[PDB]
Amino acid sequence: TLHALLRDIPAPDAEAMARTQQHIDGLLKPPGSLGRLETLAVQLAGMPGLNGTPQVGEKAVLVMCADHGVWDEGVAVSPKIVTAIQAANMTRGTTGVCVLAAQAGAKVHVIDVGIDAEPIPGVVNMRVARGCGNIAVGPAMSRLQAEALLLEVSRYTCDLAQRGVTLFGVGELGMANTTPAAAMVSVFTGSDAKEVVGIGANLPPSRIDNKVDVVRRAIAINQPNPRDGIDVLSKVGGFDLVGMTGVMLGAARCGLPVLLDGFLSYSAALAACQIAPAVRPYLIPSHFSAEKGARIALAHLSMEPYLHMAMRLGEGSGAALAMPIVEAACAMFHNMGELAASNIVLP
C-alpha cells in the first residue's frame, strides 16, 4: 500500500515546463528579470496536478498536533497543555496561522495525530496515542505506527485535492518538538547535535546544554539508520513530524505543490526526500527559520527560502505568509502582456 503510494509519485512534466519557459521569456520584460518568480512559475507548470500551467485554486494549511514524551526531560519551557489549548484555539481562528491563512484566503485543517488530552471537538481525529514515547530512553513509536500514519495522512491530503485544493501548506503544534526535529536533522545531515539544537520556544540559554545532551542520548540509544527515513521518524521523531512527512508524500503523489514552513517542517522534508526522492520537485520553501539548525537543514535540502522574517512560531504561519508569492508567480504568467505585441525587440 505505502509501496504503491511511493511507486506512483509522478515525475515532473518536462514538456509543460518547456512551454512555460518559452512563454515567460516572451513577456513584457527583460528576459529573466523577474528571477525566482520565473523559476517558481516553471516549477509549478511541471506539477501534473496543476494541468500544465502555473495556477492556484483552493489553498489549505494542514496543522499536525501532537505531544512528546521527551517534554519530561525539561527541554521545553511551555506547559505541556499548551498543545491542547492551542489546538482548540485553532478551531476558533485566533492563532497566528489562522490569521495569516485568512489573509491569504486559505483554510486551516487542524489534525490531532497524538495530543495528550481528551479529544477536541472540531479537530480532525487521527490520533495514534496520547503523546509519543520519550525518545531519550527509547523510540517515539513503532515502525508500523509510523507507516500507518504516513498512509492515513497521505490519503487525507490527496483526497482534499479532489475538492479543489491545489496548494498545500504544512504546519505543526507540539510542545518540545524542536528536540526530535533537531535529532532528525543531526542524523540526516551528519551534523553534531550542538550545531543543530536551537532555543525552540524561548528556552533559556542556560538550559541548552541539557537539550543537546538529550538529543545525543536519543540517537545513541535508538541508533536510527540515516538511510531509512521511516526508521528515523519512528525512532527519534514524533507523530506531528510523521504527519507533516505524510502531507508531503500525499501532495507529491497527487502531483501538487506543498509549501514548507519552518525548522520542524525542514526535518520532515529531509525524511520525506530520504523515503522518496521523487517528492523533492513538489516542495516549495517559504521562509528562513530563526532556529539555529535551519541553515544546515536547508543546505541539505538545497533550498533557499524566499522570506527572511526571523520567524520561529511554527503552526504553518510561514507557509501561509508565502502563499501570496505563489499566486504572484501565477498572475505574472497569465496576466502580463507580451514583447511582440508592443513591437519591442531586445538582444
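Residues carry their position along the shown sequence, with the first being 1.
Checked against the record, the higher mean CA B factor of 96-104 and 202-210 lies with 202-210. The stretch with the higher mean CA B factor, choosing between 278-286 and 49-57, is 49-57. Remark: of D116, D261, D240, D228, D228 shows the highest value [criterion: C-alpha B-factor in the PDB entry]. Going by the entry's values, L339 shows the largest Cα B-factor out of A16, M332, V326, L339. When the modelled residues of the chain are ordered by their C-alpha B factor, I120 lands in the highest third.
In the deposited entry, the Cα temperature factor of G190 places it in the highest third of its chain's modelled residues.
Ranked within its chain, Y156 lands in the middle third, by CA B factor from the PDB record.
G246: CA B factor in the lowest third of modelled residues in this chain (values from the PDB entry).
The PDB entry assigns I221 a C-alpha temperature factor belonging to the highest third of its chain's modelled residues.
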